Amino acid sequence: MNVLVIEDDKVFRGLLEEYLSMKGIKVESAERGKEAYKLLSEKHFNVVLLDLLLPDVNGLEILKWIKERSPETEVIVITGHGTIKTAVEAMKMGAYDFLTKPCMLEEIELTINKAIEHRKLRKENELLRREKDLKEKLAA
């Protein structure tokens, strides 16, 4: 499993990489929106922790692109600069969850797993609609 962290707080970002690695997750981080767009345009990540407020671009912008491009990618927005409006917009754009700083590690872990579960059911169901609709539905 791949998790792209996109925080710029040298410490928090570091702790995550460090923590999540024990779990057994290939992690790759990024300071700014660019290091992110580079990495998200080379490799494919399942999950993405997304700091809302970055120096060069606004979180959502990235969110949008990620979804609009690789929807099979579950994005968890984590921010210390959030608002109900801003969180609702995040959700509306297709973001599994929206965590608020401070946020315990263990939870970030949980939310990542749930994020994976979801990204998966949606798969299975998408497979059935093919099994159904197609297969045993073709005049069969």
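Heads up: residue numbers just count along the shown sequence, starting at 1.
Novice: Could you check the entry and say whether 75 to 83 or 22 to 30 has the higher mean CA B-factor?
Specialist: Stretch with the greater average CA B-factor: 22 to 30.
Novice: For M104, return the chain-relative third of its C-alpha B-factor as stated in the PDB record: lowest, middle or highest.
Specialist: Its C-alpha B-factor, which the entry lists for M104, ranks in the middle third among residues of this chain.
Novice: Would you please rank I66 by its C-alpha temperature factor against the other modelled residues of its chain and give the third it falls in: lowest, middle or highest?
Specialist: For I66, the deposited C-alpha B-factor lands in the lowest third.
Novice: Once the chain's modelled residues are ordered by C-alpha B factor and cut into thirds, is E17 in the lowest, middle or highest one?
Specialist: As the PDB entry reports it, the C-alpha B-factor of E17 lands in the lowest third of its chain.
Novice: When the modelled residues of the chain are sorted by Cα temperature factor, does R130 land in the lowest, middle or highest third?
Specialist: Tercile = highest for this residue's CA B-factor.
Novice: Compare the C-alpha B factor of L52 with those of the other modelled residues in its chain, then answer lowest, middle or highest third.
Specialist: For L52, whose C-alpha B-factor we compare with every modelled residue in the chain, the answer is the middle third.
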